[PDB]
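Data block below; observations after.
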Amino acid sequence: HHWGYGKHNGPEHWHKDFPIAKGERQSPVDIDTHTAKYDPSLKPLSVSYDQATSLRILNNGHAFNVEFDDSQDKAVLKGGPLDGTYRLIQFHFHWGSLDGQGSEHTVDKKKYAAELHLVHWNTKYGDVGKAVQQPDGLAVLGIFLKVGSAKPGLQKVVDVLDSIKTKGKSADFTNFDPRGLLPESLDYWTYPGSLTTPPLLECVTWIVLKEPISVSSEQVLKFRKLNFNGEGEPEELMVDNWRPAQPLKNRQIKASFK
Ligand SMILES: NS(=O)(=O)c1ccc(C(=O)NCc2ccc(F)cc2)cc1
Ligand SMILES: NS(=O)(=O)c1ccc(C(=O)NCc2ccc(F)cc2)cc1
Ligand SMILES: [Hg+2]
Ligand SMILES: [Zn+2]
């Protein structure tokens with residue numbers, strides 16, 4: 001009746017309404033470190049988030065999104081495997097009901113507690129709607145989260161969750177700095193893929209960072225307290241909102257380091 005991550009409308013049923021689910025460049029995938037190709041022509045990543053304007057945070061029934069003002073080149077992504085300028089529009093996480101699961105991409109079959117997705121679109125296309133009709137329209141920066149010590153920069157996000165507990169709720173969320181969520185190194189793996197939720201459009205250049213960020217048990221616990229349902233509907237905790245690794249098919253994963 002609408003997709004989800006439940007037994008009856010989860011990832012394994014998505015192909016019925018979204019045929020592209022069995023496509024050739026679907027994400028996420030397992031990153032086999034020994035088979036990825038060191039490509040020395042890949043340039044270093046350029047992250048310019050100093051003029052970033054966050055606006056709102058909302059629970060959309062599948063995850064929570066922090067939205068940004070993308071009317072101008074305030075927060076961009078360039079370099080690496082990219083051609084042109086990509087504007088940050090929003091970021092979200094995927095996580096599990098337990099620490100040994102949660103990420104979408106895996107490294108040598110290893111799953112992390114959660115995964116962060118910073119979503120950007122190609123400025124050459126004018127608006128996001130046009131970008132989703134192109135093979136090089138989007139660029140998502142993936143960052144793994146492992147459980148250990150607390151991440152200061154994440155607490156601001158964790159505190160506001162109580163006000164967006166149920167589907168459809170949103171809270172004002174200004175002056176948040178996304179730079180606080182970055183690992184120390186910007187080394188990455190890259191490959192051509194797709195959105196990991198319906199409509200699953202194959203319009204994404206994936207950039208997965210090698211170095212994960214550390215978050216505390218308490219911080220991750222608060223993500224698990226959110227709800228998939230709207231207010232007044234029976235309660236279903238928001239956990240395990242991640243799609244299983246897909247076949248690599250005819251693709252090659254290139255690394256920016258050896
Ligand atoms: N400029 S703003 O802060 O108000 C803004 C923020 C987020 C979004 C969004 O998440 N929708 C994405 C989206 C919508 C349609 C598509 F075809 C592709 C992506 C849209 C506008
Ligand atoms: N987990 S992920 O990074 O892959 C991801 C990023 C963005 C979106 C999205 O904007 N959906 C809206 C949307 C609606 C209609 C469209 F035609 C296109 C996008 C979905 C998944
Ligand atoms: Hg596309
Ligand atoms: Zn995502």
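By convention here, the chains of the structure tokens are called A, B, ... in the order presented, each chain's residues are numbered starting at 1, and ligands are numbered starting at 1 in the order presented.
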Distance filter 9 Å around ligand 3, atoms: only C-alpha atoms and all ligand atoms, out as a count of residues only: 14
Selection near stretch 38-46 of chain A, 9 Å with only C-alpha atoms, sequence-local residues under 4 positions removed, as a ChimeraX atom specification: /A:76-82,186-188,253-258
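Shell of residue A:56 at 9 Å, with only C-alpha atoms counted and residues fewer than 3 places along the chain excluded, is residues 65, 66, 67, 68, 170, 171, 172, 173 and 174 of chain A.
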Convert the current residue selection to file output with N, CA, C and O atoms, as a compact mmCIF listing (two decimals), in the first residue's frame.
# COMPACT_ATOMS: atom_id res chain seq x y z
N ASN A 65 15.16 13.65 7.53
CA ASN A 65 16.02 14.47 6.69
C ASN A 65 16.30 15.87 7.23
O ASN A 65 15.38 16.53 7.73
N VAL A 66 17.55 16.32 7.15
CA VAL A 66 17.87 17.69 7.51
C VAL A 66 18.01 18.33 6.13
O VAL A 66 18.79 17.86 5.30
N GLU A 67 17.17 19.33 5.85
CA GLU A 67 17.16 20.01 4.56
C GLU A 67 17.99 21.29 4.53
O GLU A 67 18.08 22.01 5.54
N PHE A 68 18.53 21.60 3.35
CA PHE A 68 19.36 22.79 3.14
C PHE A 68 18.87 23.72 2.03
O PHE A 68 18.19 23.28 1.11
N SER A 170 7.88 17.92 11.57
CA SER A 170 9.09 18.63 11.16
C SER A 170 9.32 19.72 12.20
O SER A 170 8.35 20.20 12.81
N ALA A 171 10.58 20.07 12.43
CA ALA A 171 10.98 21.11 13.38
C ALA A 171 11.93 22.05 12.66
O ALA A 171 12.63 21.62 11.73
N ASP A 172 11.94 23.32 13.05
CA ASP A 172 12.85 24.30 12.42
C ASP A 172 14.27 23.90 12.82
O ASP A 172 14.50 23.47 13.95
N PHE A 173 15.22 23.94 11.88
CA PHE A 173 16.58 23.51 12.19
C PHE A 173 17.63 24.35 11.46
O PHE A 173 18.22 23.91 10.46
N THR A 174 17.85 25.56 11.96
CA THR A 174 18.80 26.47 11.37
C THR A 174 20.18 26.49 12.04
O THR A 174 20.36 26.01 13.16
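Shortest separation to ligand 2 among A:208, A:157, A:36, A:215 occurs at residue A:208, atoms counted being only C-alpha atoms and all ligand atoms.
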Can I get the residues of stretch 87-166 of chain A within 7 Å of stretch 236-250 of chain A, each with the closest pair of atoms and their distance in Å to one decimal, using only C-alpha atoms, sorted chain first then ascending number, as CSV?
residue,atom,partner,partner_atom,distance
A:94,CA,A:241,CA,5.6
A:95,CA,A:240,CA,5.5
A:96,CA,A:240,CA,4.0
A:97,CA,A:239,CA,5.1
A:102,CA,A:240,CA,6.1
A:103,CA,A:242,CA,6.7
A:104,CA,A:242,CA,5.6
A:105,CA,A:245,CA,6.4
How about saving the chosen residues, C-alpha atoms kept, as a PDB file, in the first residue's frame?
ATOM      1  CA  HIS A  94      20.142   4.450   7.619  1.00  0.00           C
ATOM      2  CA  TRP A  95      20.550   2.374  10.796  1.00  0.00           C
ATOM      3  CA  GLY A  96      19.740  -0.860  12.532  1.00  0.00           C
ATOM      4  CA  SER A  97      18.000  -2.329  15.553  1.00  0.00           C
ATOM      5  CA  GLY A 102      22.649  -0.677   9.920  1.00  0.00           C
ATOM      6  CA  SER A 103      24.797   0.355   6.961  1.00  0.00           C
ATOM      7  CA  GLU A 104      23.754  -0.211   3.338  1.00  0.00           C
ATOM      8  CA  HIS A 105      27.223  -0.553   1.792  1.00  0.00           C
TER       9      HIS A 105
END
Exercise: residue A:123 partners within 9 Å, only C-alpha atoms, chain neighbours under 2 positions left out, as a VMD selection string: chain A and resid 73 84 to 87 121 125 to 128 131 137
Using the selection just defined, write its residues with N, CA and C atoms as a PDB file, in the first residue's frame.
ATOM      1  N   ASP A  73      25.061  28.432  -4.728  1.00  0.00           N
ATOM      2  CA  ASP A  73      26.221  27.579  -4.449  1.00  0.00           C
ATOM      3  C   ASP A  73      26.840  27.816  -3.057  1.00  0.00           C
ATOM      4  N   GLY A  84      31.964  18.987 -12.738  1.00  0.00           N
ATOM      5  CA  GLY A  84      31.039  20.079 -12.508  1.00  0.00           C
ATOM      6  C   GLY A  84      30.784  20.302 -11.028  1.00  0.00           C
ATOM      7  N   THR A  85      29.757  21.090 -10.742  1.00  0.00           N
ATOM      8  CA  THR A  85      29.417  21.421  -9.373  1.00  0.00           C
ATOM      9  C   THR A  85      28.148  20.746  -8.899  1.00  0.00           C
ATOM     10  N   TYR A  86      28.199  20.236  -7.677  1.00  0.00           N
ATOM     11  CA  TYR A  86      27.060  19.559  -7.084  1.00  0.00           C
ATOM     12  C   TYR A  86      26.685  20.267  -5.786  1.00  0.00           C
ATOM     13  N   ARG A  87      25.410  20.651  -5.668  1.00  0.00           N
ATOM     14  CA  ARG A  87      24.848  21.338  -4.494  1.00  0.00           C
ATOM     15  C   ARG A  87      24.228  20.379  -3.476  1.00  0.00           C
ATOM     16  N   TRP A 121      23.183  17.419  -5.978  1.00  0.00           N
ATOM     17  CA  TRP A 121      22.711  17.337  -7.375  1.00  0.00           C
ATOM     18  C   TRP A 121      23.516  18.240  -8.329  1.00  0.00           C
ATOM     19  N   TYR A 125      22.012  20.883 -14.444  1.00  0.00           N
ATOM     20  CA  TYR A 125      20.619  20.553 -14.724  1.00  0.00           C
ATOM     21  C   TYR A 125      19.533  21.525 -14.257  1.00  0.00           C
ATOM     22  N   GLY A 126      19.916  22.555 -13.496  1.00  0.00           N
ATOM     23  CA  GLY A 126      18.957  23.548 -13.041  1.00  0.00           C
ATOM     24  C   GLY A 126      18.170  23.275 -11.763  1.00  0.00           C
ATOM     25  N   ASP A 127      17.585  22.082 -11.628  1.00  0.00           N
ATOM     26  CA  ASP A 127      16.841  21.725 -10.415  1.00  0.00           C
ATOM     27  C   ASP A 127      16.902  20.221 -10.196  1.00  0.00           C
ATOM     28  N   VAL A 128      16.650  19.770  -8.968  1.00  0.00           N
ATOM     29  CA  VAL A 128      16.716  18.337  -8.659  1.00  0.00           C
ATOM     30  C   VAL A 128      15.872  17.438  -9.527  1.00  0.00           C
ATOM     31  N   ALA A 131      17.794  16.803 -12.582  1.00  0.00           N
ATOM     32  CA  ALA A 131      18.954  15.970 -12.257  1.00  0.00           C
ATOM     33  C   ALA A 131      18.617  14.471 -12.197  1.00  0.00           C
ATOM     34  N   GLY A 137      23.432  12.779 -12.693  1.00  0.00           N
ATOM     35  CA  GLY A 137      22.666  13.796 -11.993  1.00  0.00           C
ATOM     36  C   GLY A 137      22.904  14.014 -10.508  1.00  0.00           C
TER      37      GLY A 137
END
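Nearest residue to residue A:11, choosing from A:200, A:35, A:252, A:160 and counting only C-alpha atoms: A:200.
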Close residues to ligand 2 using only C-alpha atoms and all ligand atoms, limit 7 Å, as a ChimeraX atom specification: /A:117,119,129,132,140,194-199,201
Could those selected residues go to a file with C-alpha atoms, as a PDB file, in the first residue's frame?
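File part_26.pdb, as written:
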ATOM      1  CA  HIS A 117      24.206  10.043   3.118  1.00  0.00           C
ATOM      2  CA  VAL A 119      22.873  14.164  -1.073  1.00  0.00           C
ATOM      3  CA  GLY A 129      13.797  17.129 -10.748  1.00  0.00           C
ATOM      4  CA  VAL A 132      17.007  12.706 -11.619  1.00  0.00           C
ATOM      5  CA  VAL A 140      25.916  11.018  -2.568  1.00  0.00           C
ATOM      6  CA  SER A 194      21.422   4.367  -7.868  1.00  0.00           C
ATOM      7  CA  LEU A 195      19.091   5.721  -5.135  1.00  0.00           C
ATOM      8  CA  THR A 196      18.725   3.011  -2.444  1.00  0.00           C
ATOM      9  CA  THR A 197      14.976   3.562  -1.904  1.00  0.00           C
ATOM     10  CA  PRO A 198      12.055   3.873  -4.358  1.00  0.00           C
ATOM     11  CA  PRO A 199      12.026   5.140  -7.031  1.00  0.00           C
ATOM     12  CA  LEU A 201      16.718   5.882 -10.184  1.00  0.00           C
TER      13      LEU A 201
END
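Distance-wise, atom CA of residue A:64 and atom CA of residue A:31 end up 26.0 Å apart.
Look at residue A:168: the protein and nucleic acid residues within 8 Å of it, using only C-alpha atoms and passing over chain neighbours fewer than 5 places away, are residues 58, 59, 60, 61 and 230 of chain A.
Rounded to one decimal, atom CA of residue A:21 and atom 8 (C, counted along the ligand's line) of ligand 1 lie 23.0 Å from each other.
Minimum atom-to-atom distance to ligand 1, evaluated using only C-alpha atoms and all ligand atoms, belongs to A:55 out of A:231, A:218, A:55, A:108.
For the set A:26, A:205, A:71, A:122, the residue with the smallest atom-to-atom gap to ligand 1 is A:71, counting only C-alpha atoms and all ligand atoms.
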